[PDB]
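Chemist: take this sequence and fold it.
(2 chains, ligands or ions: 1)
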There are 2 protein chains.
Amino acid sequence: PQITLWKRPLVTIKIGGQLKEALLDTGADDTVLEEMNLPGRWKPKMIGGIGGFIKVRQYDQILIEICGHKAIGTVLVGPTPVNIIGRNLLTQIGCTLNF
Amino acid sequence: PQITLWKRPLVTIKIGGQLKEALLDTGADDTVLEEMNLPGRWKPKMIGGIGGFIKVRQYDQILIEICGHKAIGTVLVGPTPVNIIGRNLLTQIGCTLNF
Ligand SMILES: CCOP(=O)(COc1ccc(C[C@H](NC(=O)O[C@H]2CO[C@H]3OCC[C@H]32)[C@H](O)CN(CC(CC)CC)S(=O)(=O)c2ccc(N)cc2)cc1)OCC
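Modeler: Numbers count the residues shown, from 1 in each chain, chains lettered A, B, ... in the order given. Let me share the structure:
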């Protein structure tokens, strides 16, 4: 689809078999989701945003469906203000900016 | 043009007679630029992201040229680590997400 930006570009995602809403965020290098339970091993990591740095749980090679497009990659879980899909998965679903 | 997301979507902008590099950021509601001494009146504001909030100065009706496309609207100025073009101006240059 083509998505205009008059409103936040929120889409439904499916991860761990559960549905959620997430923001397509071209300014995010990485995908960061709010606190949730995900199976498999995870490594503690840090990521920085406009307000400073936070501690997150890094899950590698995670299956995640974004607006009907499948991705498999790194998902960070932690106290982000909102669920964001970053460039590491936006590239996988073929997302581009166009103007 | 079409911008892929393999790397950060950085482009040249022109504001207050200065050229700068800025991130085209669909995750940012509003444009926030690194510290610069703009003229005119302003209002204090707090914007939040990963890590918490920062204090910024809100200027209204500021002209920004983004890749030769002219836009005018709210521009926040403060201690952001990166120049960020948010949705308030991305809409004005016809920018969309596509996959
Ligand atoms: C310590 C920093 O290190 P740096 O290298 C790069 O810092 C940054 C790089 C990009 C961004 C931009 C930010 N990206 C981000 O948080 O992404 C993080 C996860 O992915 C990696 O990749 C980049 C960082 C992490 C979002 O796109 C936009 N935000 C909102 C979003 C939705 C609520 C927040 C999830 S907002 O808060 O900024 C914002 C809020 C209101 C506004 N009116 C305007 C902006 C901020 C800082 O610079 C120092 C050398």
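
Chemist: can you list the residues of chain A near the ligand?
Modeler: Residues of chain A lying near the ligand by C-beta under 6 Å from any ligand atom: A:23, A:25, A:27-30, A:32, A:47-50, A:80-82, A:84, A:86. To be clear about C-beta, it is placed using only N, CA and C from the backbone, and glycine gets the same treatment.

Chemist: same thing but 8 Å
Modeler: Residues of chain A found near the ligand (C-beta under 8 Å from any ligand atom) are A:23, A:25-32, A:47-53, A:76, A:80-82, A:84, A:86-87.

Chemist: so how do I select the buried members of the residues you listed in ChimeraX?
Modeler: Those of those that count as buried under 16 or more other C-beta atoms under 10 Å in any protein chain shown are selected in ChimeraX with:
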select /A:23,25,26,27,28,30,31,32,47,49,50,51,76,80,81,82,84,86,87
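
Chemist: am I right that residue A:93 is in a strand?
Modeler: No. Residue A:93 is assigned coil when assessed by DSSP: H, G, I helix; E, B strand; the rest coil, not a strand.

Chemist: contacting residues around the residue in chain A that chain B sits nearest to?
Modeler: Nearest residue of chain A to chain B (C-beta to the nearest C-beta) works out as residue A:49 at 2.6 Å. Going by C-beta atoms under 8 Å, 6 or more residues apart in numbering or on different chains, residue A:49 touches A:80, B:49-51.

Chemist: before we move on, what about residue A:87?
Modeler: A:26, A:28-30, B:5-6, B:8.

Chemist: ramachandran coordinates for it?
Modeler: Dihedral pair for residue A:87: phi -60, psi -30, per degrees, to the nearest 10.

Chemist: now do the contacts for the closest residue to residue A:81 other than its chain neighbours.
Modeler: Ranked by C-beta to C-beta, 6 or more residues apart in numbering or on different chains and with sequence neighbours excluded, the top spatial neighbour of residue A:81 is residue B:48, at 6.0 Å. The neighbours of residue B:48, taking C-beta under 8 Å, 6+ apart as the test, are A:50-51, A:81.

Chemist: so can I have CSV of those residues showing secondary structure and distance to residue B:68?
Modeler: Formatted as CSV, these follow (DSSP: H, G, I helix; E, B strand; the rest coil; distance: C-beta to C-beta, whole Å):
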residue, secondary structure, distance to residue B:68
A:50, coil, 27
A:51, coil, 32
A:81, coil, 33
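
Chemist: please consider this matter closed, and thank you.
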